[PDB]
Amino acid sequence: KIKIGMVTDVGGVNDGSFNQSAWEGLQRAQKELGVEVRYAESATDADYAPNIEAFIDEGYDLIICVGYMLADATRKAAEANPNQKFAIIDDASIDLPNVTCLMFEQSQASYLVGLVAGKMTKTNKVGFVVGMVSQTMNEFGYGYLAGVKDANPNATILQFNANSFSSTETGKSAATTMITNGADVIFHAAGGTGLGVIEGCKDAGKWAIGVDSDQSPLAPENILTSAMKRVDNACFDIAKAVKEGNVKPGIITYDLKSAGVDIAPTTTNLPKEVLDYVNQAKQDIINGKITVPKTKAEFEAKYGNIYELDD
């Protein structure tokens, strides 16, 4: 039997977003492909190495490390276990024959939801709650702020780094404070912490924007959209490659054109004018007409010092 193991990050498989979507894709892979799937949650980074080792020792054909913080542990395990195949989501630093890097152009989807936030705010203040700061996480920020400003040059983006992907209290408190200070749309790129962000928006009667999966069921009257990142499909696809015997190492990048990132399929709360505007911007990115900044220098060159979490 083909066995695929998932090592999840601190967020947990019930995060409503990143890890939950990765796991959902593996559950689908089990149903459709016949692979046997199991996950191991890591309470802290001390659990990364033994969780990887447990799948190695049990004969798993592929170990999927979900999240950029697993990179160091994945590299070390891949070097020490040349016959073991690994995949890692959201980090592309590892160049080894047994490692596939699954990357997502999240700045593209974040830009689109920033257009939504800029067009929907009535106070000209919107919020961004990020789970941690890192190169990949800042791509959410750069895209979102660029979208907000392109849609609404006079909008202010309030920003907060929760320093956790698994703290719903931090998410709720930060959202509530932003709302007290006038924000009326809040986007999170914060994993499980975002469950708190969404609850804070719902409680205050404001708009939220979710991430990774279509988070609208968590607050159907308050979610405008979500910046989708199809970690489910990427995990399914690599499971398929394992089953077929054609896993390739290196970088696989999922973008808007590949449908690997997107805005959510639920659009019930988007005015037709807004949906049309965002959909045109999506096709312009897909067709190459416009490019979203995803690094500090590119973002600052166009928007100045307005992203405060990268300094």
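All residue numbers refer to positions in the sequence shown, first residue = 1.
J.: Mind pulling up the entry and telling me whether 95-103 or 183-191 has the higher mean Cα temperature factor?
T.: Of 183-191 and 95-103, the stretch with the higher C-alpha B-factor average is 95-103.
J.: Could you check which stretch, 278-286 or 262-270, carries the larger mean CA temperature factor in the entry?
T.: The deposited B-factors put 278-286 ahead on the C-alpha mean.
J.: Looking at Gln135, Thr74, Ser164, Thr177, which has the biggest Cα B factor in the entry?
T.: Most elevated C-alpha B-factor of the set, per the entry: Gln135.
J.: Between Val113, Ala151, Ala80, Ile88, where does the Cα B-factor run highest in the record?
T.: Most elevated C-alpha B-factor of the set, per the entry: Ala80.
J.: Test of reading the entry: by CA B factor among the chain's modelled residues, which third contains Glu32?
T.: Middle third.
J.: Split the chain's modelled residues into thirds by Cα B-factor; is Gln215 in the lowest, middle or highest one?
T.: Lowest third, going by the recorded CA B-factors of the chain.
J.: Lowest, middle or highest third: where is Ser226 by Cα B-factor in its chain?
T.: Its C-alpha B-factor, which the entry lists for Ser226, ranks in the lowest third among residues of this chain.
J.: Using the B-factor values recorded in the entry, state whether the Cα atom of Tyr39 falls in the lowest, middle or highest third among the modelled residues of its chain.
T.: Lowest third.
J.: Splitting the chain's C-alpha B-factors into thirds, which one does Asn14 fall into?
T.: Ranked within chain, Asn14 CA B lands in the middle tercile.
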